Amino acid sequence: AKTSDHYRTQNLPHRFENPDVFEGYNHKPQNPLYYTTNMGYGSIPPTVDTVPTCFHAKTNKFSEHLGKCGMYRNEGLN
Amino acid sequence: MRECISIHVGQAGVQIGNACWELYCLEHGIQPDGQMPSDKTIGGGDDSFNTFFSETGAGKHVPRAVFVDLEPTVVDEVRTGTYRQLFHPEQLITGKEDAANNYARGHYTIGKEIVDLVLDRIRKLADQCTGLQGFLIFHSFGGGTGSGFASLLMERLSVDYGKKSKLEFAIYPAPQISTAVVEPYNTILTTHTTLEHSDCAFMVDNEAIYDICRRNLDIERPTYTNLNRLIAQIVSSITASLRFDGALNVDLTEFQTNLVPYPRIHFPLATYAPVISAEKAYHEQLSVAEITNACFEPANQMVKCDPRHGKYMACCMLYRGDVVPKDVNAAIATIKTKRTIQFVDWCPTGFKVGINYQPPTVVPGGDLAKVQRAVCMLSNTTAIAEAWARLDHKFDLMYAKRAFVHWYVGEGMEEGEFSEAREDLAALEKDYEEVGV
Amino acid sequence: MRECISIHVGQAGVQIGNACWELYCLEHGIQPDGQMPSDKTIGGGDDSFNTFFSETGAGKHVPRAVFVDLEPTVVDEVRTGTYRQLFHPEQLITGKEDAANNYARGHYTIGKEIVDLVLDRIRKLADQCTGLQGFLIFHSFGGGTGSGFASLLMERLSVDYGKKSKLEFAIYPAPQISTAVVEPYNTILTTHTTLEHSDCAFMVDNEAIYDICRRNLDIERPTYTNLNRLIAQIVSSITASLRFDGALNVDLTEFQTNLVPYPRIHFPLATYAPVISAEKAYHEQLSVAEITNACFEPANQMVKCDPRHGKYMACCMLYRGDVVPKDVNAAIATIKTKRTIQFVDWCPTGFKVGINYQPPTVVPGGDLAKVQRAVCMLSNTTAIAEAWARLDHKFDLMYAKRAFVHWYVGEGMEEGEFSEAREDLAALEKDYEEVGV
Amino acid sequence: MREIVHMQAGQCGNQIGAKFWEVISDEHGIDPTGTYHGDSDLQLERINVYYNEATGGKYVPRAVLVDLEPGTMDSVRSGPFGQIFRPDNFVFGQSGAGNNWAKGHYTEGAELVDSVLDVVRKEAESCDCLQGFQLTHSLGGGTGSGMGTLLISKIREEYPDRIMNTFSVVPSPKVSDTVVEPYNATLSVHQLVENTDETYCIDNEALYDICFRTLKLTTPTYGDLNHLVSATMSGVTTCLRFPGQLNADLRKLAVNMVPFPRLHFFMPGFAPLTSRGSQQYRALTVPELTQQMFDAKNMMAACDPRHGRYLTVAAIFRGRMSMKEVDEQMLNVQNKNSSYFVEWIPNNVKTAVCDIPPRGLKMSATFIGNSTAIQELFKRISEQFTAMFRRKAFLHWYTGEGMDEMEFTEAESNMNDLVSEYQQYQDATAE
Amino acid sequence: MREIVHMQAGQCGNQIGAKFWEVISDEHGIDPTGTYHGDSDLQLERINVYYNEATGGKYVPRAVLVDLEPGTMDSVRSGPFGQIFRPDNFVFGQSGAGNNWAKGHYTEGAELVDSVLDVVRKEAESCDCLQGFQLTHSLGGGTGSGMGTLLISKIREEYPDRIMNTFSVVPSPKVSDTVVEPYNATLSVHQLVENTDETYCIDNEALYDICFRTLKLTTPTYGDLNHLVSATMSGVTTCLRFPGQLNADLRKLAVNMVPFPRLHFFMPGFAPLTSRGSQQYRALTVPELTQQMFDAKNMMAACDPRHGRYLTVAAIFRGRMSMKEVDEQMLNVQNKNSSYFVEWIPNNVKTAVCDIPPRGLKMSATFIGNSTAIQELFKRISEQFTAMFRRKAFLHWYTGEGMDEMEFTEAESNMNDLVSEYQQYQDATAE
Ligand SMILES: Nc1nc2c(ncn2[C@@H]2O[C@H](COP(=O)(O)OP(=O)(O)OP(=O)(O)O)[C@@H](O)[C@H]2O)c(=O)[nH]1
Ligand SMILES: Nc1nc2c(ncn2[C@@H]2O[C@H](COP(=O)(O)OP(=O)(O)OP(=O)(O)O)[C@@H](O)[C@H]2O)c(=O)[nH]1
Ligand SMILES: Nc1nc2c(ncn2[C@@H]2O[C@H](COP(=O)(O)OP(=O)(O)O)[C@@H](O)[C@H]2O)c(=O)[nH]1
Ligand SMILES: Nc1nc2c(ncn2[C@@H]2O[C@H](COP(=O)(O)OP(=O)(O)O)[C@@H](O)[C@H]2O)c(=O)[nH]1
Ligand SMILES: [Mg+2]
Ligand SMILES: [Mg+2]
């Protein structure tokens, strides 16, 4: 299923646009008792509904690339 | 480059870590294997994960967390749980004995032989860290691991690192509801150590969360799952300004230095609004004015401490969602014009607002409503001395006839230490009423 | 823009609010689930709902009225019947204990454990506004929740909101027909707190509406629903000028300053015309002059006192439907030329006429016919002095040997309170007769 | 959440409360095995008033039946709707009551009352509201009088602000059936006056008369009587249950009933009552219902209210009806029989209407008449007690278990001052 | 890894430890042979607390069984779940016990204890990290009060900082079964006080009362009594073996319960106890579970908790619950009766909750009380001892074997000093 024919999508990545690519969110236990409440944080997977509709994450490629090399220094002869 | 190492100490620390790393992974779209999903070949422009996870040489995500608990049950459950592939194996550090609600046992015994390994893992994380904005330590004042080992760990990070911030999320005991018995002793003894080695000392009380869940969420039977999800939402809304961009970004140093007037009032008070449920939240606008007016209420506090018996010294407000600065400023103006909120005389301009475009990411199966606006409000009210007055009352009426003290004096705790901690906290609350008046 | 927040206290209040909001939803075209059905996009404006119904971001019409009772029976019936998703969950506040026709019980021991929550909900509803116009309170003078808690609620409302209008709709005990024994006690204790400390108070009996339903509607064994519908029609005709449009509208704060002369005389009486069934409505010539002269008929009032034995001090006459403002003046002239209808000497002009364009709606399953023009004639006069004289007679007769007073003393209220309220109402009777002469 | 714990003292109380549970379980839709076999949603809405809830959707009564002889437990458990009760709520003793107030109060009832209070406290504050304590008993016998009054005293000491209803089967002179009935009644009304909030007294003579000449049954053996009593119980408690247009709970009745604190002895009546031969011939309109309600031959007390004066009158109607018919009838009965109403209380009648009728008929009503004619039973019991206390008759059977004559004399004095109190408002004036 | 070494002693100790092992092997899913036919991995996650690995996957309990006669060892080995134990730690003697404290502490038992300590050192250094030892003696025999206290003294002197948990069955006023029982109890409690971290004293009369009231059973025998004690054991040490929510091990209980070092005599209770027919009518949730903990009828010590003040109360709950509900219930019972609670320890109920219920019932709880009501039982034992000792009755055996009367004098002196220590923190106020 898509979160586009069902919701509003604003520049959301493909990772959240298809919530079916999420695996490992089940981990079904043994026989249904011995069901400690602490392992209830690995509950039901994110789906088309409980997914972010907006992803406003900054990108620091330019800043990181300039920060590794270093800022400008007055080096010359004039 | 902005990166925060989280240290989760105690059983409360490990459960907070579970319910907060679940929210972090589910917000950044990382499955519990630690594996980043299909990015359509080219990875693209996305580096919000860098504040909590690191790109290894495979495309995986190992979190910047150190889970420490002396008792090898709650952390072995995480090692056998659904998030077993997330954490590095030499990050869920455990011992073989317990500290058993004993500050002396957690500080001068078995908790001591593990602090070297914890510091070595912290050193490795800081070495692989480029820019360390601040450590983020989650524990409880119940006792044992959460007080003695947490105090020792804070002292050791203070003496080795220094400078860099150390935010603290401490679970605080209630006026009436309590689990352990030597909780006033363990909480008095740890204030002496969390005073001069903490930069912010956020306090959460369980009874306030119970009342909040029973009143606003229509759940008659709350538990630690809901408690730690609320605390996870608090810390996620605090730290979201790093990972997700916003107008008026407020990062860790900024709301550290715009929240504390003096280097003895560094014990803020969190509040989340809305904490409403979905069936109720169907019938409101959830406007900015509404979610600000339903945030200074004494019924929505997080500590069981009504701020009417005190003055607000500082107030940071982190808005998270589709909020507009015009409505933020109108809400601030209305809050200032209302008379019941008494701000202190030497701070006419105390409000630090921070906007983030990202709405709060709902966790499926949770009890909270799923809405496009939220506020995490960090007050610095002078009313916080009420809890410490009740703490002194309980400590005095236990220490009048030396109850429960033989365990401490056998495992450490020269008998003047209790009196020293009592004197320090009494002088501190004297300082708090001094800055209140 | 023009808000009319309602509070419905007591069982009579909750039932009359059920009928009132059924009428509001049917005349605003809102289905009981909150949405607006039948392809809402037709029409450009239709902002008439923003007096009684709010509007969330998703666009739901959420009403502005708090249904408060101490027993959960009628409130749970509302929560389980038809209008279920329309009201907010924190809008139907209920208690454990009942007030049990006991003003002292509902005012001093049970009323104070729910008053903070109802005032907080009124706080939230008033904050969800853009400038409030007037509170509409609905209760019965039979006693209990409708008298004592209503009095305490009005006291705290007058403390909180300064000079906002607080219009009462009181179910006053009829001369002969009544359903309790301590109703004179409750009315005497309630008039003290609603006289000097509340705004204009519309007051209706029950047997007058009983006789009207017997005669006009030609219906012989109906129940309280066919009284609550008529009072809902009256209150709709009162506060319809805020929502709808028409020539010479009458604002809610302009009702008071142009009806009640002195700030102790604020007890007018209502009369709705023409109440009629369909078979009788098909057989006459419903017109402005006819409904005007049928308003002043002493057999059509909703208060059992003859206005022929009193003085007409002022009259605000509100019209709905196909009414031109020339037949209104032609009817006022032919009323003022009649000698039997007697006006007080210091009042040459005694009429405030107002006109609203849109005709009164017809409820499905009702008994009123599809009327084209209607009047809610609201007159301040001196005829209710006889009714309060009769109630003074009943209260003095029962208080002669201290019947039923041991309860009120038992949950705590001094015996001098009854004498204080009795002498207050005696001074009120003196005030009415000296105004009349 | 308003809710009553129900407790039945004595063999009479146990049977008359077993019939009460048998009729209200049928009213609420509960089967004999304790599950909800009900059709309407409204039946399982106020079931917390009288029932708890166990695992598997099983509803148990909140009944804490107490006796001191083991045969009555067999008689209440072998009957229908008998297995529904919790077996922990069956505390009793193996001794013999002896029809002795001294035995049931001081010697053998005092040993059991600690465990009885334990179970009553558990079933009472394993709760949230706890409005009512309904004890049901007979005056004149043993544990119905002594054990019941001791239980009333201890419970009123424990909970001083909760409603105390007592359905008391006061003895009648024509029925007799026991020679120590005046002793037990006169010695138990002392505790019933100072403690209970509402006490409804029921005459077995009146029950036999209403079975003879109203129900017209040839042999009303032992169950028609307590069926009528159970119908009256359901009528007076229905307002905490299925919602109506104008309801009135136990406090709403009690506030509007008693003018003065020691006037809480009531004469009940449930009169949509017709024989099977006339049920096809009579209508069931509100005027017919209220005229046979105010008819004195449909009263569960042997006192004729014409020889007296109504202090207050209740009318709890059940059924969907018109409230300016019931109200004009309540006004019409006052305007007609104005001489039998006290002149210093205008509007002596309190009216409540619930819209859900009992199982059977579509309309019903319950009458509670606080009148100054109830002193006839009290005067006759006082006369029969003072005709026996002169020549010390049957007195060693109380002094051996241990009582002085001062207790008997103070009980007779408290009898006589209450009779004089009712006579005071029988013969009085408005001003 | 935490672990508990079990040391059983006496006929009572061997029987009750055999019952304990055959109920916790069923809890962990262990065959009588010793093979895991379980159904989950949480059973094998912490199986090393009680079992030692063998070749192939067989599990051998870490229990050392001690007696002075062959007797109960042969009975247990012939009985079911007798083939699971190590055959090399069935150490016994060929002599007799004589139900004599002097014979158990100074005669031939003083060289059997060398072999028992050799076996215990083998089972202790064949390990990684001892949480401690538990012992289950009888307090009134020659082996329970003899061999048992000698084992406690040797273990305390050799390992000084490990948790010692001795359960022990205290004598009773009625139901005695032994004539020198006060002598053995008084001589053994003196060694219990200075050498044991904590004791969970249990009374046979209270167990019989629990069976005759709650769990009807007609004939209660000893299997059901040992089942109750074993359920108490498995309830109190369940957080060591099963993970979940906020948990508490034995050292955490020790540091929370005992305020001052000679005050570690605890008053236990298991409370999902319901009758066979009452199970259907029972509801199972936290409030009624709480009141069944705080019911004096469901206590395994004969002392009345209303005859004293609770110092501290441990509540070890098991099952998926709402710990908001359990904390609210603990605060509610404290605020309900704050009279039976010390003022100088505010909110003195240590609470722990685990998420693994025992087999059968859905929701469990274990009550531990460090009450000041045990001083009346201790005063009673001292009264029996001094009444027997004023005439030097049954003392010639002890003196002829060789113990001076100074030892009995110090036993009675420590007896009365401990009674006074319990007495002062009952009327000691805050300020
Ligand atoms: N909010 C919240 N509080 C918790 C949670 N778990 C434990 N606590 C608090 O922790 C207190 C108990 O002490 P702990 O912090 O658990 O002690 P510990 O971490 O187990 O360390 P030791 O006592 O040495 O075993 C209680 O009073 C609780 O308030 C949790 O999951 N959420
Ligand atoms: N006109 C009208 N009057 C009503 C209605 N319902 C109740 N009343 C009046 O209310 C009076 C009794 O008081 P209630 O309103 O029923 O009681 P309350 O205000 O809920 O407080 P309590 O007595 O504690 O229940 C009666 O005398 C009736 O005249 C109604 O639906 N319409
Ligand atoms: N109406 C009615 N009266 C009863 C019933 N059972 C007994 N009585 C009357 O109560 C009196 C005996 O009371 P009893 O049951 O022995 O009281 P107890 O000794 O406490 O059990 C007799 O005179 C009967 O007339 C009953 O089921 N219904
Ligand atoms: N709970 C329980 N108690 C027992 C059992 N057998 C004996 N007892 C109690 O133990 C006491 C006798 O102690 P005993 O075992 O003979 O001591 P020993 O002679 O040294 O072995 C008696 O008072 C019994 O009440 C049993 O199977 N279960
Ligand atoms: Mg721990
Ligand atoms: Mg009502």
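Residues numbered from 1 in each chain as written, not as in the entry; some residues may be left out. Chains lettered and ligands numbered in written order. Part of a larger assembly, values for the part shown. Heavy atoms only, no water.

- What the deposited record gives as its method is cryo-EM, and the resolution it gives is 3.3 Å.

### Overview of the UniProt feature "domain: Tubulin/FtsZ GTPase" (unreviewed entry) in chain D
Right, on to step 1. The UniProt record annotates "domain: Tubulin/FtsZ GTPase" (unreviewed entry) at residues 47-244 of chain D.
Right, on to step 2. Taken as a whole, residues 47-244 of chain D contains 42% helix and 9% strand, while its terminal C-alpha atoms sit 16 Å from one another. (UniProt positions renumbered as here; feature names shortened; annotations may be inferred. Helix = DSSP H or I, 4+ residues; strand = E, 2+ residues; numbered from the N terminus.)

### Considerations on a negative patch on the surface
Right, on to step 1. Judged by side-chain charge, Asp404, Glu405, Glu407 and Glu410 of chain E come together as a negatively charged surface patch.
Right, on to step 2. Examined against the element boundaries, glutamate 410 of chain E turns out to sit in helix α16 (residues 405-427). (Patch = residues over 30% accessible without salt bridge, like charges linked within 9 Å, V, L, I, M, F, W, Y side chains within 5 Å. Areas by Shrake-Rupley, 256 points an atom, 1.4 Å probe, with all protein chains shown as cover. Salt bridge = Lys/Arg side-chain N within 4 Å of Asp/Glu carboxyl O. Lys, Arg positive; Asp, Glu negative; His and termini not counted. Charge placed at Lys NZ, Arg CZ, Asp CG, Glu CD.)

### A look at the site of ligand 2
Right, on to step 1. Ligand 2 sits among 24 residues. The nearest are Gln11, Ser140, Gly146, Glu183 and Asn206 of chain C.
Right, on to step 2. The site occupied by ligand 2 is bordered by residues of chains C and D.
Right, on to step 3. For ligand 2, an oxygen atom lies 2.6 Å from a polar atom in the backbone of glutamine 11 of chain C.
Right, on to step 4. Here an oxygen atom of ligand 2 sits 3.0 Å away from a polar atom, N or O, in the main chain of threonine 145 of chain C.
Right, on to step 5. When ligand 2 sits alone it has 630 Å² of accessible area, and the protein chains cover 97% of it.
Right, on to step 6. Counting only elements with at least two residues in the shell around ligand 2, the list comes to α1 (10-28), α5 (145-160) and α8 (225-238) of chain C.
Right, on to step 7. Counting residues per element, the shell around ligand 2 draws most heavily on α1 of chain C, at 4 residues.
Right, on to step 8. Of the residues that constitute the shell around ligand 2, the class distribution is 7 nonpolar, 13 polar and 4 charged. (Near = heavy atom within 4 Å. Polar contact = N/O pair within 3.5 Å; in protein donor to acceptor, adjacent residues only side chain to side chain. Nonpolar A, V, L, I, M, F, W, Y, C, P; charged D, E, K, R; others polar.)

### Some details on the sheet that holds strand β3 (residues 134-140) of chain C
Paired through their backbone hydrogen bonds, the strands of a sheet run either parallel or antiparallel.
Residue and element names in this part refer to chain C.
Right, on to step 1. Here 5 strands make up an open sheet; going across it, the order is β2-β1-β3-β4-β5 and the pairing parallel. One side of each edge strand has no neighbouring strand; the edge strands of this open sheet are β2 (65-68) and β5 (201-204). Recorded for the sheet is a direction-independent mean angle of 10° between the axes of neighbouring strands.
Right, on to step 2. Two strands pair when backbone bridges link them, and β3 and strand β4 (residues 165-171) are joined in this way by 7 bridges, in the parallel orientation. Counterpart to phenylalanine 138 in the pairing with β4 is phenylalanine 169.
Right, on to step 3. Lying over the sheet, helix α9 (residues 252-259) contacts β3, β4 and β5, oriented at roughly 75° with respect to β4. (Pairing = 2+ DSSP bridges. Axes fitted to C-alpha atoms, helices over the stretch in contact; angles between N-to-C directions. Contact = heavy atoms within 4.5 Å.)

### Notes on the interface of chain D and chain C
Right, on to step 1. Contact with chain D, which involves 43 residues of that partner, is made by 40 residues of chain C.
Right, on to step 2. In this assembly, chain D packs against chain C so that about 4000 Å² is buried in total across both faces, 57% of it on carbon and sulfur atoms.
Right, on to step 3. Area buried by chain D at its contact with chain C is led by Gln245, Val255 and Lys324 of chain D, which between them contribute 18% of it.
Right, on to step 4. Residue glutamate 97 of chain C is joined to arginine 162 of chain D by a salt bridge in which the shortest nitrogen-to-oxygen separation is 3.9 Å.
Right, on to step 5. Taken together, the links from chain D to chain C amount to 15 residue pairs in polar contact.
Right, on to step 6. At the level of secondary structure, the elements contributing two or more residues to the side of chain D that touches chain C comprise α9 (250-257), α11 (326-336) and β7 (349-354) of chain D.
Right, on to step 7. In terms of residue count, α9 of chain D provides more of the side of chain D that touches chain C than any other element does, 6 residues in total.
Right, on to step 8. Each residue belonging to the side of chain D that touches chain C can be placed in one class, and the counts come to 21 nonpolar, 10 polar and 12 charged. (Buried area = accessible area lost by both parts, 1.4 Å probe.)

### Side note on the pattern of salt bridges
Right, on to step 1. Applying the stated criterion across every chain, the model contains 79 salt bridges over all chains.
Right, on to step 2. Between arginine 79 of chain C and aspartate 76 of chain C there is a salt bridge, with the nearest N and O atoms lying 2.7 Å from each other. Linking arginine 79 of chain C with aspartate 76 of chain C, this pair stays in helix α2 (residues 73-80), spanning 3 residues, or about one helical turn.
Right, on to step 3. What makes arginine 79 of chain C partly exposed here is its relative accessible area of 34%.
Right, on to step 4. For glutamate 194 of chain D, the salt bridge goes to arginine 262 of chain D, with nearest N and O atoms at 3.6 Å. Here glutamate 194 of chain D is found in helix α6 (residues 181-195), whereas its partner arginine 262 of chain D is found in the loop between α9 and β5 (265-270), with 68 residues between them in sequence.
Right, on to step 5. In this structure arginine 262 of chain D comes out as partly exposed when scored by relative accessible area, which is 24%.
Right, on to step 6. Connected through salt bridges with shared partners, the residues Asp76 and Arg79 of chain B together with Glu45 and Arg46 of chain E form a single ionic network. (Buried < 20%, exposed > 50% of the residue type's maximum accessible area, 1.4 Å probe, protein only.)

### Details of the sheet that holds strand β5 (residues 132-135) of chain E
All names here are of chain E.
Right, on to step 1. Taking strand neighbours across the sheet as the criterion, the 6 strands line up as β4-β1-β5-β6-β8-β10 in an open arrangement whose pairing is parallel. Strand pairing shows two members of the sheet lacking a second neighbour, β4 (63-66) and β10 (265-266), which therefore form its edges.
Right, on to step 2. Across 4 bridges, strand β1 (residues 4-9) lies against β5 in parallel orientation. Bridging across to β5, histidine 6 finds its partner in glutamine 134.

### Some remarks on the arrangement of the chains
Right, on to step 1. Structurally, chain A and chain C remain out of contact, their C-alpha atoms never closer than 14 Å.
Right, on to step 2. As for chain D relative to chain A, no contact occurs, and the smallest C-alpha gap between them is 18 Å.

### Observations concerning the nonpolar core
Right, on to step 1. Formed by 232 residues in total, the largest nonpolar core has its most connected members in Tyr185 of chain B together with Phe317 of chain E.
Right, on to step 2. It is helix α8 (residues 224-243) of chain B that provides the largest number of residues to this core, a total of 9 residues.
Right, on to step 3. Setting aside anything within four residues of it in sequence, one finds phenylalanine 317 of chain E in contact with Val286, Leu289, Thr290, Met293, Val326, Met330, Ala352, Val353, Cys354, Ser364 and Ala365 of chain E. (Core = buried A, V, L, I, M, F, W, Y, C linked by side-chain atoms within 4.5 Å.)

### Comments concerning the pairing of strand β5 (residues 65-68) of chain B
All names here are of chain B.
Right, on to step 1. Taking every second residue as pointing to the same face, both faces of β5 are buried, with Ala65 and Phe67 on one and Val66 and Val68 on the other.
Right, on to step 2. Sheet analysis places strand β2 (residues 6-9) next to β5, joined by 4 bridges and oriented parallel. Its bridge partner lying in β5, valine 9 is registered against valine 68.

### Observations concerning the pairing of strand β12 (residues 310-318) of chain E
Residue and element names in this part refer to chain E.
Right, on to step 1. With respect to burial, β12 is a largely interior element, 9 of its 9 residues being buried.
Right, on to step 2. In this sheet, strand β14 (residues 364-371) lies alongside β12 in antiparallel orientation, the contact comprising 7 bridges. Considered in β14, the bridge of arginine 318 is made with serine 364.
Right, on to step 3. Pairing analysis gives 6 bridges linking β12 to strand β13 (residues 349-354), with the strands arranged parallel. Bridging across to β13, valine 313 finds its partner in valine 349.
Right, on to step 4. Regarding topology, helix α13 (residues 323-336) serves as the crossover connection from β12 to the parallel β13, and that connection is right-handed. (Right-handed = clockwise from strand over helix to strand, strands pointing away.)

### Structural notes on the interface of chain A and chain B
Right, on to step 1. With 30 residues of chain A in contact, the opposing surface of chain B contributes 48 residues.
Right, on to step 2. One can count 1 salt bridge joining chain A with chain B.
Right, on to step 3. With a closest N to O distance of 4.0 Å, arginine 15 of chain A and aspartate 46 of chain B form a salt bridge.
Right, on to step 4. Summed over the shared surface of chain A and chain B, the result is 12 residue pairs in polar contact.
Right, on to step 5. Counting residues per element, the side of chain A that touches chain B draws most heavily on helix α1 (residues 14-17) of chain A, at 3 residues.
Right, on to step 6. Each residue belonging to the side of chain A that touches chain B can be placed in one class, and the counts come to 13 nonpolar, 12 polar and 5 charged.

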